[PDB]
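S.K.: Please read through the structure below; I'll follow up with questions.
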Amino acid sequence: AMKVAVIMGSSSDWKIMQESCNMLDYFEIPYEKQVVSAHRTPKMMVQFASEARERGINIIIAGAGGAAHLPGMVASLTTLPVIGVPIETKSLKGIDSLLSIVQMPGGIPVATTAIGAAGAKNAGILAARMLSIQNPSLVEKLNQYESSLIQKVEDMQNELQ
Amino acid sequence: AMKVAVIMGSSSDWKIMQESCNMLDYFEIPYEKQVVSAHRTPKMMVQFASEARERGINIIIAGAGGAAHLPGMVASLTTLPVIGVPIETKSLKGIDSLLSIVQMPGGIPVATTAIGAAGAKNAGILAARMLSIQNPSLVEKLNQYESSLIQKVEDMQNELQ
Amino acid sequence: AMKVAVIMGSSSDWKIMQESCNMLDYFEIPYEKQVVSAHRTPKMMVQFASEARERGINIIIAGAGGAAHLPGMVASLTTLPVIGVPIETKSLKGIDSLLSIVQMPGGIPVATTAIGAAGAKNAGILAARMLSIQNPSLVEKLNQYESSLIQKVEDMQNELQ
Amino acid sequence: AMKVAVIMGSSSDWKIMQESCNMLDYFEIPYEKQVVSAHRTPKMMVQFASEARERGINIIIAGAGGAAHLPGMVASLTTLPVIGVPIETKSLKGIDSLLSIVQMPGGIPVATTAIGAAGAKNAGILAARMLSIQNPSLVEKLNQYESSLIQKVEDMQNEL
Amino acid sequence: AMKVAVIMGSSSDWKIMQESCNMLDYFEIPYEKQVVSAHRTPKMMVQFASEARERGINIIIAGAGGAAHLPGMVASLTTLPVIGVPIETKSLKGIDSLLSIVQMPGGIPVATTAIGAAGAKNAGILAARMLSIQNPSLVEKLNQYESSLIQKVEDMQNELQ
Amino acid sequence: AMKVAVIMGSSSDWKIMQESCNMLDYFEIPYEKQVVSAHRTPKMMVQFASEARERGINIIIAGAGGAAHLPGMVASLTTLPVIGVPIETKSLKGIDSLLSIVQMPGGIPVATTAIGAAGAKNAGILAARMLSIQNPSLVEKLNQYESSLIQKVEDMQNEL
Amino acid sequence: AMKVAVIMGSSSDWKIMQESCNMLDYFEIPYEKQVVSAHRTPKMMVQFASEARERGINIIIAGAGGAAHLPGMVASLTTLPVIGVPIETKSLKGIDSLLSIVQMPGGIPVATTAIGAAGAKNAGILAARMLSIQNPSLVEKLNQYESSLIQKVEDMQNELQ
Amino acid sequence: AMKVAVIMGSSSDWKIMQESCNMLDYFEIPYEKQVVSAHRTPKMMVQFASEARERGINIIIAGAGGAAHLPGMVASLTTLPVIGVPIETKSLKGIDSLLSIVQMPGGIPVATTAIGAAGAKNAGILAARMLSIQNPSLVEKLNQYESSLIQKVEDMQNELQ
C-alpha cells in the first residue's frame, strides 16, 4: 500500500505544510503527519527516520525553516526519498531555509521544493509522481490533474478586466 | 525494467551531468543521455518530455544553468518526476540557475538538487531512492552505499596531521 | 496596423500587467491581452508564440514571477521582440523573477525591464519606442510624453513640505 | 536605411561589445560604434543621445559596468529604444551593473539583456528582431539563424 | 555664506530626504530643496548641476531609488562634493539604489550614506561636518550635537521596561 | 582539566579547522580532534554529541560547509556550548554555510564565527575566552595575546 | 557569583533583546541591562567594555543593527566572551547587521547568533551553556531545559488540524 | 594648511589605499598616513580620531574590510568628515565591507565610496572637492581634472578609430 509521511518541526508550520496533505488527499495517497523537530527532538527525529521504511512509509516530506536541518538529517538516516520544503522565515523570507536544505553534499540527496506554500503543494504533487512509477493507477489521476491546470488557465481568461 | 533519462541543454554541461550517470551505473540503473535545449530546440524539448513516459522512461534528470528553464519546462510536459540540477554559472555562481529551477509555482514540481557536481551526483542517488519503492532490490544497494559513506569518514580519521 | 500582445501566466498578475496596457492605451497602440502559462499551459504557450507573427502581433510583452520562464520560452518560439517583466515574489522580492528572465543565453534575447509595476509600465513605453521606428506617427506622441514627464516633475515641486 | 549605434564608456568594454557588432554584421544591419562615457564625458553623452534620432539612428545599444548609468541616461534623452548591456565587474560579477541598468523607475525604459558577452550578443540579435517587424528579408534571416541554433544542439548529441 | 541644495527625482522621495533638511535646520545651515529627476528632467538636471557652484551652493545632497543615477550624474557635472542617499525600493529594499550610487568608477566620487531615512539624516550631518572646515562656528554646534546624542542614550536607560 | 573538541565532517576541512587547534595550542588548552560527519555518519555524530560532556569535553568547535548542519545538530544533542565555523564554499562563498549555521531558531544556540580561516582562528580564541572566566592564568595569557596584536600593528607602521 | 551584561545601542532594540534577559531569568543567572551605543556613546562603550571583567561580568551579550559595530568593538576591549545579536533592519532585514557582526577578523572573536528574536533568546541560552563549564549547578538546569523542549514538541502533536 | 589623514587597519590594505594618496598628491593636498586598527588597536583608534582635528587634520579617509568598523568608529569620535573605503574581501567580495561601512544609523555619518581601488581613488578626489569649499585654489584644479577626464575618453575614441 502507498504511504507518505509529512513532518515539520512546529505546529506553526502547519498552515504551510497542510498544502502537501491537501494534494495527497486529492490523489488519494495515504499519509501520516507529525511534528518532528531536528533541534528540539533530535533523538525522536533519528528514530522516526530510521524506522520509517520498515514501518511502510514510501516517501518523507519534511518542512523546516531558518537553519533548516530536518530534511537533510532525515535523508541521512533513511534510504527513502526525502522531499524538503523550505519554510519562509520572518527576516530572510526563506532564503536561509532554501540554502540550508538545497545545498546538500554529494552523497546524500534532498529533493528541494519552492519556498513556502507553493513548495508544500509541490511536495504532494511530486510524491504522487514518484509513486506513479510503481502504482500505475496514479498515472490517470496525474493526467486529469494536468487537465485541471489547463482548465484553470482557461477559467482565468476573463479575469483581465 | 527501470530507465532514467539524463538530459542537459549543452554538451558543456556533460562534465557535471556525467556524475548523475556515474551514480546510476553504481546502482545498476539503465539510462539514456542526450542534449535537449529549452531555448535553442524548444519544440524538441516539448516532444522529448511529452513522449518520455510512453517510451519507458521512469525519471528525468535535467541539468541547466543561467536562465535555467529546462527542468521546469520538462516537468510541465510530463507526469514523470523530474530532478533539476542547477549548473554553476561563471558570473553568478549558479544562483541564477538555482532560483530559475527551485522556485516553481504550486502545481508543477521539480525535485531540485545542490548547485553543480554535488547536485548531479545527488540526482543519480535520488533517482535510485525513488526507484527503490518500485524495485525493492535497490534497497540493499542503498544500504551498501551508506556503509561506504561511513567507511570514507573512518579513512579520514588519521588525516588531521 | 500596429499590434502588441500582453500576456501573463495568471490573472493574479493583472494588477501589475495592466500598467503595460495603460501605456499602450496612452499611445493609442492596439493590443490583445491573454493568460498564457508556461507551466500550466505549455502547449498553448507554444501555439501562441509560434503563431504570433502570422497573426499580426509585432511585439510580445510577457510578465512572470518566481521560476519566471514565460518570457524566455516565448522568445525561443518566435522571432518577434519579446519584452519580459519580472513580477515581484514574496520571498526573493522578484530577484528570482529577474534572474530567470534577464540571464537568457546568447542566441535568444529577452528585453528585460524593472521588477514589478515600474517594469510593466516601462514595457508599454518601450513597445511604443520600438514601434516608432516604422510608425513615424508615434514620434510626435513620444515627444509629447517627454513634455508630460517634465510637467509631472513641475507639479511635484510644491509637495516638499 | 537601418542604423544601430553601439556605445560604451571605455575601450576596455570593446571585446564584450564587439559581440553586438558581430551579430549586426551577421544580419547585415549597419552600425556605428563609439566610446561615450556617462561620467567622464557627460555633455558629450547628452549631445550623442539628443541628436541620435535626427542623425538616422534607429536603436541604441549601450554597455556599462559598475554604477552603470549610460543606458538609462541615454534612454532619458532620446525617443529611440535603448538596449542596455550590463558589463561584468570584478568585485560584484556584474550584479551592480545589472541592477543599475534594469531597475529604471516607471517612465523611461531600458531593454536589459544578460550580464556580459551573452548580453552583448543578445543586444545585436534583439536589435535585429526589432527591425524585423513586417520585414520579410530580416524575418528570413532570423529564421535561418534559428536553423543554426537547432543544428548546434543536434551536433552536440555525440559530444557526451 | 553657506548653502546646501537637497534634490531628488520624485516627491515620493521627500518623506526620506526631509531628514536632510531637518538636520540642516537644526545646524542653522541655509538650504534650498527641489525635485530634479535624472530621467524625467535630464536637461534640467544638467543645468542644475552645472550652475550650482557659481550660484553659491557648497554641497549637493541628492536622493535616488532603483536605477539610481541622480547622485552620480550630478557629481559628473559639478566640482562640488555630492552626497548620495539611496532610497529604499518596493522590491529590492534599496540594494539596487545602493549599488547604483556607491559603485562609482574611479574618477567621479559620490559620498554615499545609508539606505533610507538614516542616510538622509546623515547626509545633513555630514554636510555640517564638511562646512565646519571653513565655517568654524559650526564646530561648537557639532560638539553640542554630540552632547545631545549622549543625552539621548541616557534618556533611553529607563525604557528597558 | 579543561578540554575542547575540534570536529569537522571531512579531512578536507582541516585546511581551515587546524587554525582552531593552533590557537588552542597557543593558549596551552588541551584538545582532541575528530572527523564527525552529520550526513555521512549521522549515528556517530549522535553518539559523539550526546556523550561529549560525560567524555570530559567542555566546548565543541565544529566546522561545516554548504548545507552546514553539523554544528547545529551537535548543539541540539549536548548541554555544552558549541562554536560553529562556516566553511567557504566554491559556489556560494560560504553564505550557505553561514546561514545554515547562524540562523538557529530560538531554543538551541550555536556561537557562530566568521567564514573560513578567520572564523576557525576565532573559535580557538573564543574557547580560551570562555575558559578564562575567573581564571587569572588564562586572563594573563589573553592579555599577552592582546599585546602581541598591538605589536603586530606597530610592526606595520613603516610599511606605508 | 555569576553575572551577564545585556547591552544594546537603542531602547528600540529592547523588544528583541529582552528575550536574552528572559532566558537568563529562566536559568537564574544574574544580569544587568544597559543602553550602550557604539556610535552615540563611544567613550562610554569603551569604558563599559574595559571595566566589565573587573566589575565581575562574565559574559557580554550585545545587540546591534545596520553597520553593527557594538559587539565587535566591545570584544576588542575585553577578554571576556562576547555574544553578538544582529538586529533586523528595516531595509536589509538584518543582513547588514549579520555581516557586520559575524565577519570579525582573526584575532578578535564574536559569538554570533541568529537575526532578531531567535538570536536574542539563543544568546541567553548560549550564555547559560558557557557558564555551565565552571558553574556545575547549571548543567542540571540545562538538562531540565532540554526535557522541556521535548515536552513542548509532544504538546504540539494535536495541533495539526 | 590643508591636511588629510589616510588610515587603514593593515599594511595589506596599502596597495589599495595608496590610490587615495595618489589623488591627494595630484591636487597637492598634504596628508599623513598611518596604520590604525579598530580591533587590534582600539585605544589607539580612539585617540587618533579624538585628537585629529585639534592637530590640524581636516578630513579622515579610512579603509577597512570584512567587519569593517574603522570608518564608523572614527566618525563617532570626531567632528571631521570621514570617508570610508570598503576593502574587497576574499569570500564576500567586499559586500561585508560595504554594508559594515555604509549602513550607519542616523546620527553619525560616513561618506562611503566604491569597493576597492575605485573607492580609494574616489576618496582622494572627494577629499579635494570637500576642501574646495574652504580652499578656492582647488576649484581650478578640479576644473583641470574634469578636462583631463574628457581627454582620456577622446584618447580611447582616437585609439579605436
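In the C-alpha cells, chains take the letters A, B, ... in the order shown, each chain's residues start at 1, and ligands count up from 1 in the order shown.
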Lay chain F over chain D with a least-squares fit on all the C-alpha atoms, paired in sequence, and tell me the RMSD.

M.R.: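 0.2 Å is the C-alpha RMSD between the two chains.
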
S.K.: Write down as a PyMOL selection string the residues of chain A whose backbone DSSP state falls under alpha helix (DSSP H).

M.R.: chain A and resi 14-26+42-51+70-76+95-102+117-131+137-156

S.K.: Can you tell me, as a PyMOL selection string, what residues are no more than 7 Å from residue 60 of chain G when counting only C-alpha atoms, ignoring any on the same chain fewer than 5 positions away?

M.R.: chain G and resi 4-6+81-83

S.K.: For the selection you just gave me, I'd like the residues written to a file as a tab-separated table (two decimals), in the first residue's frame, keeping C-alpha atoms.

M.R.:
chain	number	residue	atom	x	y	z
G	4	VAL	CA	25.97	38.61	32.49
G	5	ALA	CA	25.58	42.02	30.86
G	6	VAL	CA	22.93	42.58	28.17
G	81	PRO	CA	33.42	36.22	25.70
G	82	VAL	CA	31.09	38.50	23.73
G	83	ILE	CA	27.89	37.27	22.14

S.K.: I need the contact residues of chain B against chain D, so if you could list those with any atom within 9 Å, counting only C-alpha atoms, and return them as a ChimeraX atom specification, that would help.

M.R.: /B:9-12,14-15,18,33-37,39-41,90-92

S.K.: Please find the residues of chain C near chain E - the criterion being any atom within 7 Å, counting only C-alpha atoms - and write them as an mmCIF file with N, CA and C atoms, in the first residue's frame.

M.R.:
data_model
loop_
_atom_site.group_PDB
_atom_site.id
_atom_site.type_symbol
_atom_site.label_atom_id
_atom_site.label_comp_id
_atom_site.auth_asym_id
_atom_site.auth_seq_id
_atom_site.Cartn_x
_atom_site.Cartn_y
_atom_site.Cartn_z
ATOM 1 N N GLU C 88 7.120 40.731 -8.863
ATOM 2 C CA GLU C 88 7.654 40.615 -7.518
ATOM 3 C C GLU C 88 7.127 39.367 -6.837
ATOM 4 N N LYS C 93 11.755 38.684 -3.511
ATOM 5 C CA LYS C 93 11.472 40.082 -3.859
ATOM 6 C C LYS C 93 11.623 40.338 -5.356
ATOM 7 N N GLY C 94 11.301 39.317 -6.144
ATOM 8 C CA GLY C 94 11.467 39.388 -7.590
ATOM 9 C C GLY C 94 12.882 39.181 -8.096
ATOM 10 N N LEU C 149 6.289 64.237 -18.793
ATOM 11 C CA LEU C 149 7.192 63.848 -17.697
ATOM 12 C C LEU C 149 7.799 65.083 -17.029
ATOM 13 N N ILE C 150 8.220 66.042 -17.847
ATOM 14 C CA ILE C 150 8.768 67.304 -17.349
ATOM 15 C C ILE C 150 7.710 68.042 -16.519
ATOM 16 N N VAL C 153 7.140 66.492 -12.989
ATOM 17 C CA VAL C 153 8.139 66.989 -12.050
ATOM 18 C C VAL C 153 7.791 68.387 -11.557
ATOM 19 N N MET C 156 5.177 68.339 -8.921
ATOM 20 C CA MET C 156 5.648 67.781 -7.648
ATOM 21 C C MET C 156 6.377 68.772 -6.757
ATOM 22 N N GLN C 157 6.763 69.917 -7.309
ATOM 23 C CA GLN C 157 7.618 70.862 -6.577
ATOM 24 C C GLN C 157 6.999 71.343 -5.273
ATOM 25 N N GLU C 159 5.223 69.787 -3.203
ATOM 26 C CA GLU C 159 4.938 68.687 -2.280
ATOM 27 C C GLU C 159 6.035 68.456 -1.250
ATOM 28 N N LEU C 160 7.107 69.245 -1.320
ATOM 29 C CA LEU C 160 8.252 69.052 -0.413
ATOM 30 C C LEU C 160 8.056 69.816 0.890
#

S.K.: Out of segment 20-63 of chain F, which residues get strand (DSSP E or B) from DSSP, as a count of residues only?

M.R.: 10

S.K.: Work out how far atom CA of residue 78 of chain B is from atom CA of residue 47 of chain B, in Å to one decimal.

M.R.: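 So the answer is 10.1 Å.
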
S.K.: Please provide as a PDB file with N, CA, C and O atoms, in the first residue's frame all residues within 9 Å of residue 6 of chain D, with the sequence filter that same-chain residues fewer than 6 positions apart are discarded (counting only C-alpha atoms).

M.R.:
ATOM      1  N   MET D  17      31.536  44.311 -26.206  1.00  0.00           N
ATOM      2  CA  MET D  17      30.577  44.967 -27.091  1.00  0.00           C
ATOM      3  C   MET D  17      30.703  44.576 -28.568  1.00  0.00           C
ATOM      4  O   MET D  17      29.738  44.710 -29.323  1.00  0.00           O
ATOM      5  N   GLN D  18      31.874  44.090 -28.983  1.00  0.00           N
ATOM      6  CA  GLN D  18      32.035  43.613 -30.362  1.00  0.00           C
ATOM      7  C   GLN D  18      31.087  42.457 -30.672  1.00  0.00           C
ATOM      8  O   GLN D  18      30.752  42.228 -31.832  1.00  0.00           O
ATOM      9  N   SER D  20      27.974  42.432 -29.959  1.00  0.00           N
ATOM     10  CA  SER D  20      26.796  43.085 -30.526  1.00  0.00           C
ATOM     11  C   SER D  20      27.019  43.346 -32.012  1.00  0.00           C
ATOM     12  O   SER D  20      26.182  43.013 -32.855  1.00  0.00           O
ATOM     13  N   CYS D  21      28.168  43.938 -32.308  1.00  0.00           N
ATOM     14  CA  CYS D  21      28.535  44.312 -33.665  1.00  0.00           C
ATOM     15  C   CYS D  21      28.616  43.101 -34.576  1.00  0.00           C
ATOM     16  O   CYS D  21      28.183  43.165 -35.734  1.00  0.00           O
ATOM     17  N   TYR D  31      25.802  49.779 -38.607  1.00  0.00           N
ATOM     18  CA  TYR D  31      26.002  50.334 -37.281  1.00  0.00           C
ATOM     19  C   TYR D  31      27.210  51.248 -37.204  1.00  0.00           C
ATOM     20  O   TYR D  31      28.126  51.197 -38.038  1.00  0.00           O
ATOM     21  N   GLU D  32      27.209  52.075 -36.171  1.00  0.00           N
ATOM     22  CA  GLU D  32      28.406  52.794 -35.758  1.00  0.00           C
ATOM     23  C   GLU D  32      28.731  52.372 -34.328  1.00  0.00           C
ATOM     24  O   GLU D  32      27.828  52.073 -33.543  1.00  0.00           O
ATOM     25  N   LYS D  33      30.015  52.295 -34.002  1.00  0.00           N
ATOM     26  CA  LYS D  33      30.424  52.023 -32.629  1.00  0.00           C
ATOM     27  C   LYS D  33      31.212  53.213 -32.125  1.00  0.00           C
ATOM     28  O   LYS D  33      32.010  53.800 -32.869  1.00  0.00           O
ATOM     29  N   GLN D  34      30.964  53.613 -30.884  1.00  0.00           N
ATOM     30  CA  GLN D  34      31.748  54.699 -30.298  1.00  0.00           C
ATOM     31  C   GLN D  34      31.896  54.571 -28.792  1.00  0.00           C
ATOM     32  O   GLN D  34      31.099  53.906 -28.121  1.00  0.00           O
ATOM     33  N   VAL D  35      32.945  55.208 -28.284  1.00  0.00           N
ATOM     34  CA  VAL D  35      33.124  55.384 -26.855  1.00  0.00           C
ATOM     35  C   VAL D  35      32.447  56.684 -26.428  1.00  0.00           C
ATOM     36  O   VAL D  35      32.768  57.761 -26.928  1.00  0.00           O
ATOM     37  N   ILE D  59      18.137  52.519 -33.214  1.00  0.00           N
ATOM     38  CA  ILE D  59      18.258  51.779 -31.949  1.00  0.00           C
ATOM     39  C   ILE D  59      19.622  52.084 -31.371  1.00  0.00           C
ATOM     40  O   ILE D  59      20.605  52.138 -32.107  1.00  0.00           O
ATOM     41  N   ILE D  60      19.707  52.260 -30.055  1.00  0.00           N
ATOM     42  CA  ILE D  60      20.991  52.405 -29.379  1.00  0.00           C
ATOM     43  C   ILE D  60      21.217  51.222 -28.458  1.00  0.00           C
ATOM     44  O   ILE D  60      20.352  50.883 -27.652  1.00  0.00           O
ATOM     45  N   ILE D  61      22.356  50.556 -28.623  1.00  0.00           N
ATOM     46  CA  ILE D  61      22.826  49.528 -27.699  1.00  0.00           C
ATOM     47  C   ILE D  61      23.922  50.163 -26.857  1.00  0.00           C
ATOM     48  O   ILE D  61      24.892  50.694 -27.398  1.00  0.00           O
ATOM     49  N   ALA D  62      23.757  50.154 -25.536  1.00  0.00           N
ATOM     50  CA  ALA D  62      24.713  50.812 -24.646  1.00  0.00           C
ATOM     51  C   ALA D  62      25.187  49.826 -23.597  1.00  0.00           C
ATOM     52  O   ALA D  62      24.366  49.241 -22.893  1.00  0.00           O
ATOM     53  N   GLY D  63      26.503  49.606 -23.521  1.00  0.00           N
ATOM     54  CA  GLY D  63      27.112  48.770 -22.477  1.00  0.00           C
ATOM     55  C   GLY D  63      27.717  49.609 -21.371  1.00  0.00           C
ATOM     56  O   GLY D  63      28.317  50.660 -21.627  1.00  0.00           O
TER      57      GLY D  63
END
